[PDB]
Amino acid sequence: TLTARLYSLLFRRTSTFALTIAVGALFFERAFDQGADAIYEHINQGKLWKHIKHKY
Amino acid sequence: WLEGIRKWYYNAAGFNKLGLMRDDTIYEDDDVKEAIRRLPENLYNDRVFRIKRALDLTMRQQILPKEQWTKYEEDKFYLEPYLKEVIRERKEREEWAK
Amino acid sequence: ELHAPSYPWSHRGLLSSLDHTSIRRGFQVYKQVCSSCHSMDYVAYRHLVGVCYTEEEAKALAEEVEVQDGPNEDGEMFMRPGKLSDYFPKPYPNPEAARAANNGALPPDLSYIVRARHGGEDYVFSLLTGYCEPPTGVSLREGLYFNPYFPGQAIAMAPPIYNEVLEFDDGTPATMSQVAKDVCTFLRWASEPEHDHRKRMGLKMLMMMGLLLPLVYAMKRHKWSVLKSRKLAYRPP
Amino acid sequence: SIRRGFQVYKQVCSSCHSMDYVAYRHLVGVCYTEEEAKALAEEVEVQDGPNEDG
Amino acid sequence: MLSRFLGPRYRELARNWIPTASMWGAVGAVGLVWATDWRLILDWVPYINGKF
Amino acid sequence: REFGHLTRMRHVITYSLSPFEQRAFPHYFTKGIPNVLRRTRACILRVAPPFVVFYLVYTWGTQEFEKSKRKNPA
Amino acid sequence: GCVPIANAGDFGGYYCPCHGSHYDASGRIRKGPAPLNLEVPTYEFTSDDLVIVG
Amino acid sequence: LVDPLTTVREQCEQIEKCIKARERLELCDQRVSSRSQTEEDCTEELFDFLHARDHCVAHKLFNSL
Amino acid sequence: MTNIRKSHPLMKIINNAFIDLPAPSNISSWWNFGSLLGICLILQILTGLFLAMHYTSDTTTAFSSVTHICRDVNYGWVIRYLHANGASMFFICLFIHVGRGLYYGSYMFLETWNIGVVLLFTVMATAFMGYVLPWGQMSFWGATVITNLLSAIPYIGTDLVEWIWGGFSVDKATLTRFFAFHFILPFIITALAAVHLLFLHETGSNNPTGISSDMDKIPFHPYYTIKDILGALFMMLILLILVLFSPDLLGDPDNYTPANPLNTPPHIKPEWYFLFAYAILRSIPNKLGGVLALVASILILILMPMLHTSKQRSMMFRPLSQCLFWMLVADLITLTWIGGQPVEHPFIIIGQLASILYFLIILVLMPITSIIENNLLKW
Ligand code: HEM
Ligand code: HEM
Ligand code: FES
């Protein structure tokens, strides 16, 4: 099972657990911010001062 | 008649659904606490288990099946004599202090 | 009294935001129509940068107007071209001069005028596009104008917004309804210089709590399953 | 001495200095009587707020 | 409650503590008049009224 | 009032299970939904009537205000 | 305590906007809830017209 | 140049509710004007007509700007 | 050789407080609001600090400084609206907490209940002063209307007002005075909350069933810490929805106007969490009677433990008292609705009926219902 190997490698030691959490937060910040910004920008396409600044 | 109203109230009260008897639901003031202490061991053990089962059921937000509901006729009155005696003793003490 | 209808603004959506080109037109109508009599001193030309005007454009707008700057070496008040950091000019020196100017009436500050009126933009829009002749029976005092949407049914304002009142640079026809629409969007932005960012943060919160809450719930259920699966037994002698 | 010093300030020092934190009211009961403070205040002209014309 | 406290010896205790409680109340009244500087009452005491 | 001297209980046996060997959402809808329905059925007759009375009073008062604010033919 | 508007209303004295109390142009009530008349200060007339109110 | 607001105004006034408000207001006009001196002011019927017309025009209009 | 958890003094106090404290097993979700109060308090102590770091207290710079926090301070608007709506969250949790204590007969804990009443009074006063702070039209006029009640007090009353006003009307002095008081008070609230937790721990919590649960007790840490974390997550969800999506939902728009003593807003209403009492104020034409009823509307909670006549403690097994309690809640909601509307027909008569019914339910209907209740169960 993927979960078993993942637990043995990462979650067994609380120190590796904290490290996994830290790197997960590091990458999750980028992933989530990119996704949320893309969604918000797509919903309001053509209305923010980034799809129209090119006109000025 | 009145006893029908009382039976309706016992059904609508809800402590029968938890397996509780009437006296298990009473508030534990000083008189009630002393009465509970005065209970014989065999009654006290059943009281404690019934209370603990009821607390478990309320923790899981459930009730016993309809068959194991304390019926109105089967609702014994175990704490009543001891509570009555305790109240009588307290009344005697208050009257003497008067 | 008569309340405002709920117009379908482009920003009335939960995650929707303002139309920034409409904000650009709204600033123009503010500057060339109601800047003569209304003050927006809480906002400054700096705020205009990056929301509906660019840096150089806002600088040119600031240089167009002249403001008062602190006393010189000789201790005399003097004029100077406005820069990007000055607040919007106040058309009247003191509020009393304002009241005495128009007709004993103080034009309310437009900075918060959207959040200072029950109804928000829908009110002020219906205020501007609501002027009409008095109904039979009303004997409106001289110098006042009839506006049903205004509590008191008698505005001291004069009808500001007629057709071809200005020339939008985009080339959109400056018809009355259009001009009022952009002025109201601009007023909403002025009253809420966070509406864009507020909805973005709210969207992040929604799509983030949508996974945080089930996970904390799962942790609670995992910890409590020790008790919720308890099976009691009573074995008296 | 306070009463005399106030006059000294008024006629000499007040030409170019100031005690903006001190008002004529403070002089009442320390160096001038109430009517005297009124007379002292009324000898000078002060800016006021806007009129009905602003 | 009030059934218990209504007794012969209870009223007798009340009578015993009447003087101490009453002149505790007098203590409180004098202290209140003093601290508040109640001019309405202090205008009648001979020496003190000279303060006003 | 710490664990160890709270009360005196006898002849009770409780069996438990490790949280790592039992599901955290056991039949969350198979018995969750009927339990919810029983819970709301056994309480709605006591909860609803006051709020429904408040709703009637609210609507009556609001429409009374509205049609008392009109003009009286005179 | 809502401050009534200037000389206008039903009769023309006042019109309290909060809960619609009327007062004539004397502080005296003539309409509305308006429990009592408007209360008059301890005015003092000087010469000419500069009344010192209070 | 014509106002889209104005264009939608008569279309919204061509509404049964607006129609009823029209003759209500007109009758009020005759009642008030014909009498020599009356404080009964047709602002109530005007408000009803305006509320109907404006609730109609709110749905329309904005998809023309 | 020992746990520093249960031997170190501070750690021992924390352990007995919320690590190894014996808690009832069947504690329902309604108890979470306890912590949901404290967390709110912490949040209110937190954000308010970051507000006092950009808020002056002069009447020439109060409103301008608030607008400065909203428009110019980096992310300052988040803090400002977080405070403004966390106040409403605090009061929602407070009202639900009082309702829980009333329903399940938790007022039998006399010391904790009285301390809770004191906390309620302190929180209400702090919120009133805080709402005065931003110096809007609502702020100034509500402050004048509320403080002018103290003129009704016989003899000293007028002086008292001039004392609190620091002069003759709500003005420059009162703004700074209320700022200082609004700053100091929440720490007094924190101290009282600590005393409250002490008193509650001397007896232990009460379960929904109302019966002593000394047999089915579970450690606090592994279970109720995560339960409280979930409760805090839900409350943060509601509060963040409020702040981010509809910030000016529970407020009044007229509060966004510079305070002008020469003109009043069309309506003078207080914050929502006060209307329930304000309507009671409006019920009695006698101004002194109005103030007395205003105070009694909260002080009734003090008498509530005395009025308890039912043999049972909670309302779990008292359907008649359950309908009475929900009648009371509907009555409070009715008073809240009445407070907003102006003093006109039929709001006046409805307000009098609601105010009468509130005290009738608390003082008469509930004890008589409990008396009938015991008789219906052989005791
Ligand atoms: C400052 C706000 C308050 C805080 C921080 C606070 C804190 C707490 C906490 C954390 C608890 C334990 C959790 C719980 O049982 O709910 C609690 C219990 C309690 N509080 Fe409060 N409280 C506050 C206000 C009040 C008020 C206003 C009252 C009522 C007058 C009150 C009465 C009680 C009672 C009776 C309990 C015991 C509940 C029970 O045993 O079932 N509290 N308090
Ligand atoms: C007991 C918890 C508290 C409550 C319930 C509370 C409540 C309030 C309320 C209702 C307002 C008015 C919000 C508005 O303008 O609409 C406010 C403003 C304010 N509070 Fe608090 N407050 C609390 C704690 C604090 C603390 C501890 C501080 C100081 C550190 C503080 C500082 C302020 C400041 C500076 C303002 C003015 C800023 C503003 O109004 O937006 N508050 N508070
Ligand atoms: S305040 Fe003057 S009538 Fe309402």
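Cut-offs applied
- Residues numbered from 1 in each chain as written, not as in the entry; some residues may be left out.
- Chains lettered and ligands numbered in written order.
- Part of a larger assembly, values for the part shown.
- Heavy atoms only, no water.
- Contact = heavy atoms within 4.5 Å.
- Buried area = accessible area lost by both parts, 1.4 Å probe.
- Salt bridge = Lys/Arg side-chain N within 4 Å of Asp/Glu carboxyl O.
- Polar contact = N/O pair within 3.5 Å; in protein donor to acceptor, adjacent residues only side chain to side chain.
- Helix = DSSP H or I, 4+ residues; strand = E, 2+ residues; numbered from the N terminus.
- Core = buried A, V, L, I, M, F, W, Y, C linked by side-chain atoms within 4.5 Å.
- Buried < 20%, exposed > 50% of the residue type's maximum accessible area, 1.4 Å probe, protein only.
- Near = heavy atom within 4 Å.
- Donors = N, O, S within 2.8 Å, 3.2 Å for Na, K, Ca; no water.
- Tetrahedral: all angles 85-135°; square planar, octahedral: opposite > 155°, others 65-115°.
- Expected span 1.5 Å × (residues − 1).
- Disulfide = S-S within 2.5 Å.

- The deposited coordinates derive from cryo-EM, with the record listing a resolution of 3.5 Å.

1. Section: the interface of chain C and chain I
Link 1 in the chain: Taken together, the contact pairs 37 residues of chain C with 39 residues of chain I.
Link 2 in the chain: If you sort the residues of chain C by the area they bury against chain I, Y112, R115 and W224 of chain C come out on top, with a joint share of 20%.
Link 3 in the chain: Counting across the interface, chain C meets chain I through three salt bridges.
Link 4 in the chain: Note that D248 of chain I and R115 of chain C form a salt bridge whose closest N and O atoms lie 2.5 Å from each other.
Link 5 in the chain: Where chain C touches chain I, the interface holds twelve residue pairs in polar contact.
Link 6 in the chain: Mapped by element, the contributors of at least two residues to the side of chain C that touches chain I are α5 (176-191) and α6 (195-228) of chain C.
Link 7 in the chain: For the side of chain C that touches chain I, the element with the highest residue contribution is α6 of chain C, accounting for 18 residues.

2. Notes on the nonpolar core
Link 1 in the chain: Membership of the largest hydrophobic core comes to 115 residues, with the highest contact counts inside it found for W224 of chain C together with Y55 and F91 of chain I.
Link 2 in the chain: Looking at this core element by element, the count peaks at twelve residues for helix α9 (residues 220-245) of chain I.
Link 3 in the chain: Aside from chain neighbours lying at most four places away, what touches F91 of chain I is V123, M124, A127, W272, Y273 and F274 of chain I.
Link 4 in the chain: With 48 residues, the next largest nonpolar core counts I23, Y30, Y45 and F168 of chain C among its residues.

3. What to know about the arrangement of the chains
Link 1 in the chain: Take the 13 pairs of chains in contact: the one carrying the most contacts is chains C and I.
Link 2 in the chain: Chain E shows no contact with chain G. Their nearest C-alpha atoms sit 25 Å apart.
Link 3 in the chain: Between chain F and chain G there is no contact, and the shortest C-alpha to C-alpha distance separating them is 13 Å.

4. A few points about the environment of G251 of chain I
Link 1 in the chain: The topology assignment puts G251 of chain I in the loop between α9 and α10 (272-283).
Link 2 in the chain: Measuring from C-alpha to C-alpha, the distance between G251 of chain I and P186 of chain I comes to 22 Å, with 65 residues separating the pair along the chain.

5. Some details on the site of ligand 2
Residue and element names in this part refer to chain I.
Link 1 in the chain: Within the structure, ligand 2 sits among 21 residues, and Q44, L49, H83, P134 and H182 are positioned closest to it.
Link 2 in the chain: Interatomic distance of 3.2 Å between a side-chain N/O atom of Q44 and a nitrogen atom of ligand 2.
Link 3 in the chain: Between ligand 2 and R80, the relevant distance is 3.3 Å, taken from an oxygen atom to a side-chain nitrogen or oxygen of the residue.
Link 4 in the chain: At the level of secondary structure, the elements contributing two or more residues to the shell around ligand 2 comprise α2 (33-52), α4 (76-103), α5 (110-132) and α8 (172-201).
Link 5 in the chain: Here the shell around ligand 2 takes six residues from α2, the largest share from any one element.

6. Remarks on the coordination of the iron atom of ligand 2
Residues and elements named next belong to chain I.
Link 1 in the chain: Binding of the iron atom of ligand 2 to the protein goes through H83 (NE2) and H182 (NE2), at separations of 1.9 to 2.5 Å.
Link 2 in the chain: Each of the six donor atoms bound to the iron atom of ligand 2 contributes to angles spanning 79 to 178 degrees, and the resulting shape is irregular. A residue pair is termed long-range when its members are at least 10 positions apart, and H83 in helix α4 and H182 in helix α8 qualify at 99 residues. Like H83, the residue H182 is buried in the burial classification.

7. What about the interface of chain B and chain C?
Link 1 in the chain: Each partner contributes residues to the interface: chain B has seven residues there, and chain C has seven residues.
Link 2 in the chain: Across the interface of chain B and chain C, roughly 700 Å² is buried in total on both sides, 64% from carbon and sulfur atoms.
Link 3 in the chain: Contact with chain C buries surface across chain B, with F49, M59 and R60 of chain B losing the most and accounting together for 61% of the total.
Link 4 in the chain: With a closest N to O distance of 2.8 Å, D56 of chain B and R230 of chain C form a salt bridge.
Link 5 in the chain: At the junction of chain B with chain C, the criterion picks out four residue pairs in polar contact.

8. Considerations on the side chain of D252 of chain I
Link 1 in the chain: Mapped onto the elements, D252 of chain I comes out in the loop between α9 and α10.
Link 2 in the chain: Within polar-contact distance, the side chain of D252 of chain I engages the side chain of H118 of chain C at 3.0 Å.
Link 3 in the chain: Apart from the residues lying within four places of it in its own chain, the contact partners of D252 of chain I are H118 of chain C together with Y131, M138, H267 and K269 of chain I.

9. Concerning the site of ligand 1
All names here are of chain I.
Link 1 in the chain: In the vicinity of ligand 1 lie 22 residues, with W31, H97, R100, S106 and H196 positioned nearest.
Link 2 in the chain: In the environment of ligand 1, an oxygen atom lies 2.4 Å from a nitrogen or oxygen atom belonging to the side chain of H97.
Link 3 in the chain: The contact in question runs from an oxygen atom of ligand 1 to an N or O atom on the backbone of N206, over 3.1 Å.
Link 4 in the chain: Elements that contribute at least two residues to the shell around ligand 1 include exactly α2, α4, α5 and α8.
Link 5 in the chain: Looking at the shell around ligand 1 element by element, the count peaks at six residues for α5.

10. Focus on helix α1 (residues 2-13) of chain B
Link 1 in the chain: The terminal C-alpha atoms of α1 of chain B lie 16 Å apart, and with twelve residues this matches the ideal 16 Å at 1.5 Å per residue to within 8%.
Link 2 in the chain: Buried residues of α1 of chain B: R6, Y9, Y10, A12 and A13 of chain B, and no others.
Link 3 in the chain: Where the residues of α1 of chain B are buried, they touch α1 (32-68) of chain F together with α12 (319-340) and α13 (347-375) of chain I.
Link 4 in the chain: Phi turns positive, to about 105 degrees, at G14 of chain B, one or two residues after α1 of chain B.

11. Quick word on the pattern of salt bridges
Link 1 in the chain: All chains considered together, the criterion is met by 49 salt bridges over all chains.
Link 2 in the chain: A salt bridge links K204 of chain C to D33 of chain A, with the shortest nitrogen-to-oxygen separation between them at 3.1 Å. On the criterion of chain membership, the pair formed by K204 of chain C in helix α6 and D33 of chain A in helix α2 (residues 14-43) is interchain, its members lying in two chains.
Link 3 in the chain: The class of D33 of chain A is partly exposed, set by a relative accessible area of 33%.

12. Side note on the state of the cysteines
A covalent bond between the sulfur atoms of two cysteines is what we call a disulfide.
Link 1 in the chain: Under the definition given, this model contains three disulfides over all chains.
Link 2 in the chain: Note that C2 of chain G is cross-linked by a disulfide to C18 of chain G, the S-S spacing being 2.0 Å. Measuring handedness by torsion sign, the sulfur bridge of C2 of chain G and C18 of chain G sits at about 50 degrees and is right-handed. Of this pair, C2 of chain G sits in the segment before β1 (22-23) while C18 of chain G sits in the segment before β1, and the two are 16 residues apart along the sequence.
Link 3 in the chain: Residue classification places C18 of chain G among the buried positions, given a relative accessible area of 9%.
Link 4 in the chain: Disulfide pairing is shown between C12 of chain H and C56 of chain H; the S-S distance is 2.0 Å. Taking the sign of the torsion about the S-S bond as the criterion, the disulfide between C12 of chain H and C56 of chain H, at about -85 degrees, is left-handed. The exposure classification of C12 of chain H matches that of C56 of chain H, with both residues buried.
Link 5 in the chain: Looking at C323 of chain I, it has no disulfide partner, and the nearest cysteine sulfur is the one in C43 of chain F, 11 Å off.
Link 6 in the chain: Using a relative accessible area of 24% as the deciding quantity, one classes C323 of chain I as partly exposed.

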